[PDB]
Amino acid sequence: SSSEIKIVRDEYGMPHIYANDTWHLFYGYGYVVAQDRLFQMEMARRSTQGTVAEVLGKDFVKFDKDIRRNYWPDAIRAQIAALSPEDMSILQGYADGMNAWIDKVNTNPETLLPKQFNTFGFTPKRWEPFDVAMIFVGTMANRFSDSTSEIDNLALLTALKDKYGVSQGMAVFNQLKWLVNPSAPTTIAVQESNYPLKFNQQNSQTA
């Protein structure tokens, strides 16, 4: 009963997991994911860790380098090691559930191996907590929450000061890339609140 996991799929195939502790719940989630989306997940793993060229060849080398250059994997592993047992059970259970299905796939590939592994010429390997963490970390953090263009911005500012002079060039930068614009529509109305901080807008860090 502590060992029991019930999986129910609805009429669109959506799975519902029933279990009695954290590890077992996330194990059922990992299991259904490996049934439904194993190739997609494997390629997301490779995308998030920069191991695509291993299977797809030379056209993905620069890609892989760029992914590895943008994170510090040992730091992610240190955050995992600091987790409480309860938190670790989410990641561990998920990995363990995917592996239960991957092991079934690799034992009877003639009927269970997604066709794309045969097309692309490789077979799936097991997962660990770090890999599950990196699906999130490599999508939501390292790509989606990682946006800056400050080096390009400085090159535009330098070009604007060369064209217009130091003062007008800074002011034209403030016209093209304003720090804040009070007419911007805001999700929170001004009657509710406003942000209390005011920022330097003339590159005073190098003044």
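Throughout, rigid core stands for the largest set of C-alpha atoms superposing within 1.5 Å between the two forms. We number the residues from 1 along the sequence you see.
Farther from the shown form on average, by C-alpha root mean square after a core fit in 7 other deposited structures of this protein, is 139 to 147, of the stretches 139 to 147 and 35 to 43. The question of which stretch, 155 to 163 or 138 to 146, has the higher mean Cα B factor is settled in favour of 155 to 163. Stretches compared: 101 to 109, 70 to 78. Higher mean C-alpha B-factor in the entry: 101 to 109. Annotation for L197: C-alpha temperature factor in the highest third relative to the rest of the modelled chain, per the entry. Annotation for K58: CA B-factor lies in the highest third of the chain's modelled residues. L83 sits in the highest third of its chain by CA B factor, as recorded in the PDB entry. Among all modelled residues in this chain, the alpha-carbon of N20 has a temperature factor (C-alpha) in the highest third.
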